[PDB]
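Structure first, then comments.
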Amino acid sequence: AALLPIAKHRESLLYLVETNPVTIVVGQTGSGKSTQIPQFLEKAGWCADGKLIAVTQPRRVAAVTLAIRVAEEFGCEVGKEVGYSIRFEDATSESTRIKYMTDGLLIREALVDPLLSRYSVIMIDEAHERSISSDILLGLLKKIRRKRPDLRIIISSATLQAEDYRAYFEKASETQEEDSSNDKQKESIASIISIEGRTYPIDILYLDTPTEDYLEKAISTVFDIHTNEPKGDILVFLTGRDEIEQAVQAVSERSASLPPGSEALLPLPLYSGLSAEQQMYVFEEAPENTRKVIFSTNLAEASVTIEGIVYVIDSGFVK
RNA sequence: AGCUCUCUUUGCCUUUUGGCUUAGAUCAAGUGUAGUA
């Protein structure tokens, strides 16, 4: 946990969240923002007054997995110190301080608490995913922050459009223009803090011509990169369930015709409505003299992180 | 060198195709999905 770049800038983000009303953090998923920032604010002592910290997530399985991960890292049980709430599932308690909430459920709790007086800082992680409820939380937190400046707001930005986020925090309102008569300096209500990540160098390869049928060149790319390059788990991002079904059937039929004595290929699908067995098959690592070829839809992006993956083929289409 | 029973081979066909014409004429077919939880 100490090797994450979020630990090196912990004092800077603590200062910016204690001083500025809103601070926008820029960093990609995997640098430890969502895993350590609630831990950093808890260790700073933002829950000593019985006040809570909340993390507003767009995805549900991602919320559950990050809840159990941070509960394991913190050494605490789920729901008694670090808890979560997804739709019709509220693992929370009075002693719980760190909250991983569905943003839609914080709409439904904004039907309960008007000023959000039960929470100290509200943060929107991976805000460029841009759910509807995240944006309407942004609007209502802007209104409440005009109404109550005591609470704090953190926004996690993937890239430069945080500046546009920054734009959303200079145009506050129009009633303040009547009171804008003094020559005081415009205080930095919104600030930006840099926490980078760490990724290995990745080679990008394109095509000289536009592809004809991305399924057939996807599987032919899979078999060519299996034959040529050394061991590494091949992953492809396809679009929809019938496409992954056709891909796994095609790679199974071609692996039936592969010459013996080489590395075998294990076809694996990744969907949203998977059962426990094949999902665990994807999660468990490749056997001896076997290379996993995993065809995935939009789960391996941010929702569920799979490890030991070297190759990735982009179909260029998302539903 | 018989008579019974058993088995094999030979014989047997024993439920063993009951008219006609322009082969009498004509003959494609419901739907199969599933970014995200």
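All residue names refer to the structure tokens as shown: chains lettered A, B, ... in order, residues numbered from 1 in each chain, ligands numbered from 1 in order.
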Exercise: residue 90 of chain A partners within 10 Å, only C-alpha atoms (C1' of nucleotides), chain neighbours under 2 positions left out, as a list in words: residues 79, 83, 84, 85, 86, 87, 88, 92, 93, 100, 101, 102 and 105 of chain A
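Applying a distance limit of 9 Å to only C-alpha atoms (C1' of nucleotides), the residues of chain B near chain A read residues 34, 35, 36 and 37 of chain B.
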Residue neighbourhood residue 128 of chain A, 9 Å, only C-alpha atoms (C1' of nucleotides), exclusion window fewer than 6 positions, as number ranges by chain: A: 156-159, 161-162
Can you write out the residues you just picked, keeping N, CA, C and O atoms, as a PDB file, in the first residue's frame?
```pdb
ATOM      1  N   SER A 156     -12.906  12.690  -8.953  1.00  0.00           N
ATOM      2  CA  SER A 156     -11.816  11.952  -9.578  1.00  0.00           C
ATOM      3  C   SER A 156     -11.973  12.038 -11.090  1.00  0.00           C
ATOM      4  O   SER A 156     -12.968  11.566 -11.649  1.00  0.00           O
ATOM      5  N   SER A 157     -10.988  12.634 -11.747  1.00  0.00           N
ATOM      6  CA  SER A 157     -11.013  12.848 -13.184  1.00  0.00           C
ATOM      7  C   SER A 157     -10.011  11.929 -13.862  1.00  0.00           C
ATOM      8  O   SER A 157      -8.885  11.766 -13.382  1.00  0.00           O
ATOM      9  N   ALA A 158     -10.424  11.325 -14.975  1.00  0.00           N
ATOM     10  CA  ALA A 158      -9.500  10.504 -15.747  1.00  0.00           C
ATOM     11  C   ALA A 158      -8.523  11.361 -16.544  1.00  0.00           C
ATOM     12  O   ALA A 158      -7.340  11.015 -16.655  1.00  0.00           O
ATOM     13  N   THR A 159      -8.992  12.478 -17.099  1.00  0.00           N
ATOM     14  CA  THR A 159      -8.166  13.285 -17.987  1.00  0.00           C
ATOM     15  C   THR A 159      -8.545  14.763 -17.942  1.00  0.00           C
ATOM     16  O   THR A 159      -9.190  15.216 -16.991  1.00  0.00           O
ATOM     17  N   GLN A 161     -10.561  16.944 -19.000  1.00  0.00           N
ATOM     18  CA  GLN A 161     -11.875  17.569 -18.857  1.00  0.00           C
ATOM     19  C   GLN A 161     -12.215  17.937 -17.416  1.00  0.00           C
ATOM     20  O   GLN A 161     -13.279  18.525 -17.185  1.00  0.00           O
ATOM     21  N   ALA A 162     -11.338  17.619 -16.455  1.00  0.00           N
ATOM     22  CA  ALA A 162     -11.400  18.225 -15.129  1.00  0.00           C
ATOM     23  C   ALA A 162     -11.403  19.743 -15.206  1.00  0.00           C
ATOM     24  O   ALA A 162     -12.049  20.402 -14.381  1.00  0.00           O
TER      25      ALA A 162
END
```
Selection: 9 Å around segment 201-214 of chain A, only C-alpha atoms (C1' of nucleotides), excl. self and same-chain fewer than 3 positions, as a ChimeraX atom specification: /A:217-219,238,315-316
Output N, CA and C atoms of each residue in that selection to a file, as a short mmCIF file (atom, residue, chain, number, x, y, z; two decimals), in the first residue's frame.
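So selection.cif came out as:
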```cif
data_model
loop_
_atom_site.label_atom_id
_atom_site.label_comp_id
_atom_site.auth_asym_id
_atom_site.auth_seq_id
_atom_site.Cartn_x
_atom_site.Cartn_y
_atom_site.Cartn_z
N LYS A 217 -10.78 -11.52 -37.98
CA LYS A 217 -9.44 -10.99 -37.73
C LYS A 217 -9.11 -10.93 -36.25
N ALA A 218 -10.11 -10.85 -35.37
CA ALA A 218 -9.83 -10.99 -33.94
C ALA A 218 -9.30 -12.38 -33.62
N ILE A 219 -9.98 -13.43 -34.10
CA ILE A 219 -9.52 -14.78 -33.78
C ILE A 219 -8.22 -15.12 -34.52
N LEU A 238 -14.74 -7.89 -27.05
CA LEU A 238 -15.76 -8.03 -28.08
C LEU A 238 -16.95 -7.13 -27.72
N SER A 315 -11.85 -4.44 -30.49
CA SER A 315 -12.73 -4.54 -31.64
C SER A 315 -13.15 -3.18 -32.18
N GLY A 316 -12.95 -2.12 -31.41
CA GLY A 316 -13.31 -0.79 -31.85
C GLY A 316 -14.77 -0.45 -31.71
#
```
Produce a table with one row for each residue of segment 121-214 of chain A that has an atom at most 12 Å from any atom of segment 47-56 of chain A, each row naming the nearest atom pair and its distance in Å at one decimal; use only C-alpha atoms; arrange rows by chain and rising residue number; format as a Markdown table.
```
| residue | atom | partner | partner_atom | distance |
| --- | --- | --- | --- | --- |
| A:121 | CA | A:53 | CA | 5.5 |
| A:122 | CA | A:54 | CA | 5.3 |
| A:123 | CA | A:55 | CA | 5.4 |
| A:124 | CA | A:56 | CA | 5.2 |
| A:125 | CA | A:56 | CA | 6.7 |
| A:126 | CA | A:56 | CA | 9.5 |
| A:127 | CA | A:56 | CA | 9.4 |
| A:129 | CA | A:56 | CA | 12.0 |
| A:130 | CA | A:56 | CA | 11.6 |
| A:131 | CA | A:56 | CA | 10.6 |
| A:133 | CA | A:56 | CA | 9.4 |
| A:134 | CA | A:56 | CA | 7.6 |
| A:135 | CA | A:56 | CA | 11.2 |
| A:136 | CA | A:56 | CA | 11.9 |
| A:137 | CA | A:56 | CA | 9.1 |
| A:138 | CA | A:56 | CA | 10.8 |
| A:151 | CA | A:53 | CA | 10.4 |
| A:152 | CA | A:53 | CA | 9.8 |
| A:153 | CA | A:54 | CA | 10.1 |
| A:154 | CA | A:55 | CA | 9.5 |
| A:155 | CA | A:56 | CA | 10.0 |
| A:156 | CA | A:55 | CA | 10.6 |
```
Go ahead and write the selection's residues with N, CA and C atoms as a PDB file, in the first residue's frame.
```
ATOM      1  N   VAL A 121     -17.288  14.650   3.630  1.00  0.00           N
ATOM      2  CA  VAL A 121     -16.788  14.817   2.274  1.00  0.00           C
ATOM      3  C   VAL A 121     -17.483  13.805   1.371  1.00  0.00           C
ATOM      4  N   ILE A 122     -17.915  14.276   0.206  1.00  0.00           N
ATOM      5  CA  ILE A 122     -18.513  13.444  -0.829  1.00  0.00           C
ATOM      6  C   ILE A 122     -17.555  13.431  -2.007  1.00  0.00           C
ATOM      7  N   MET A 123     -17.203  12.243  -2.483  1.00  0.00           N
ATOM      8  CA  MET A 123     -16.294  12.164  -3.612  1.00  0.00           C
ATOM      9  C   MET A 123     -16.916  11.292  -4.689  1.00  0.00           C
ATOM     10  N   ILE A 124     -16.683  11.676  -5.935  1.00  0.00           N
ATOM     11  CA  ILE A 124     -17.180  10.959  -7.100  1.00  0.00           C
ATOM     12  C   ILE A 124     -15.971  10.364  -7.801  1.00  0.00           C
ATOM     13  N   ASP A 125     -15.739   9.071  -7.597  1.00  0.00           N
ATOM     14  CA  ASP A 125     -14.632   8.383  -8.240  1.00  0.00           C
ATOM     15  C   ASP A 125     -15.014   7.988  -9.661  1.00  0.00           C
ATOM     16  N   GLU A 126     -13.993   7.929 -10.526  1.00  0.00           N
ATOM     17  CA  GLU A 126     -14.094   7.749 -11.987  1.00  0.00           C
ATOM     18  C   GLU A 126     -15.279   8.516 -12.581  1.00  0.00           C
ATOM     19  N   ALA A 127     -15.270   9.832 -12.354  1.00  0.00           N
ATOM     20  CA  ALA A 127     -16.378  10.693 -12.751  1.00  0.00           C
ATOM     21  C   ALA A 127     -16.530  10.826 -14.260  1.00  0.00           C
ATOM     22  N   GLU A 129     -16.731   8.334 -16.172  1.00  0.00           N
ATOM     23  CA  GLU A 129     -17.696   7.314 -16.568  1.00  0.00           C
ATOM     24  C   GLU A 129     -19.067   7.927 -16.804  1.00  0.00           C
ATOM     25  N   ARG A 130     -19.410   8.968 -16.035  1.00  0.00           N
ATOM     26  CA  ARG A 130     -20.540   9.860 -16.299  1.00  0.00           C
ATOM     27  C   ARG A 130     -21.870   9.100 -16.318  1.00  0.00           C
ATOM     28  N   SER A 131     -22.277   8.655 -15.134  1.00  0.00           N
ATOM     29  CA  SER A 131     -23.663   8.250 -14.967  1.00  0.00           C
ATOM     30  C   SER A 131     -24.551   9.487 -14.830  1.00  0.00           C
ATOM     31  N   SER A 133     -26.862   9.883 -12.436  1.00  0.00           N
ATOM     32  CA  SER A 133     -26.959  10.203 -11.021  1.00  0.00           C
ATOM     33  C   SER A 133     -25.716  10.925 -10.526  1.00  0.00           C
ATOM     34  N   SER A 134     -24.551  10.639 -11.114  1.00  0.00           N
ATOM     35  CA  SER A 134     -23.338  11.372 -10.761  1.00  0.00           C
ATOM     36  C   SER A 134     -23.461  12.851 -11.114  1.00  0.00           C
ATOM     37  N   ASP A 135     -24.014  13.153 -12.291  1.00  0.00           N
ATOM     38  CA  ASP A 135     -24.153  14.547 -12.701  1.00  0.00           C
ATOM     39  C   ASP A 135     -25.213  15.272 -11.880  1.00  0.00           C
ATOM     40  N   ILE A 136     -26.306  14.587 -11.534  1.00  0.00           N
ATOM     41  CA  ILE A 136     -27.307  15.282 -10.727  1.00  0.00           C
ATOM     42  C   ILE A 136     -26.827  15.427  -9.278  1.00  0.00           C
ATOM     43  N   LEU A 137     -25.999  14.492  -8.784  1.00  0.00           N
ATOM     44  CA  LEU A 137     -25.285  14.726  -7.531  1.00  0.00           C
ATOM     45  C   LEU A 137     -24.360  15.923  -7.629  1.00  0.00           C
ATOM     46  N   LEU A 138     -23.687  16.095  -8.771  1.00  0.00           N
ATOM     47  CA  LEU A 138     -22.819  17.256  -8.954  1.00  0.00           C
ATOM     48  C   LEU A 138     -23.611  18.556  -8.860  1.00  0.00           C
ATOM     49  N   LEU A 151     -19.107  21.257   4.241  1.00  0.00           N
ATOM     50  CA  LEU A 151     -18.790  19.962   3.663  1.00  0.00           C
ATOM     51  C   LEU A 151     -17.806  20.112   2.504  1.00  0.00           C
ATOM     52  N   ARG A 152     -17.155  19.004   2.162  1.00  0.00           N
ATOM     53  CA  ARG A 152     -16.109  18.991   1.152  1.00  0.00           C
ATOM     54  C   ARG A 152     -16.480  18.051   0.013  1.00  0.00           C
ATOM     55  N   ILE A 153     -15.977  18.363  -1.181  1.00  0.00           N
ATOM     56  CA  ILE A 153     -16.270  17.610  -2.394  1.00  0.00           C
ATOM     57  C   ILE A 153     -14.960  17.255  -3.083  1.00  0.00           C
ATOM     58  N   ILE A 154     -14.808  15.987  -3.455  1.00  0.00           N
ATOM     59  CA  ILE A 154     -13.672  15.519  -4.242  1.00  0.00           C
ATOM     60  C   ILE A 154     -14.206  14.849  -5.501  1.00  0.00           C
ATOM     61  N   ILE A 155     -13.616  15.183  -6.648  1.00  0.00           N
ATOM     62  CA  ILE A 155     -13.999  14.608  -7.932  1.00  0.00           C
ATOM     63  C   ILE A 155     -12.772  13.955  -8.551  1.00  0.00           C
ATOM     64  N   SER A 156     -12.906  12.690  -8.953  1.00  0.00           N
ATOM     65  CA  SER A 156     -11.816  11.952  -9.578  1.00  0.00           C
ATOM     66  C   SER A 156     -11.973  12.038 -11.090  1.00  0.00           C
TER      67      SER A 156
END
```
Which of segment 30-207 of chain A fall in strand (DSSP E or B), as a PyMOL selection string: chain A and resi 52-57+78+82-86+89-91+98-102+119-124+152-157+190-194
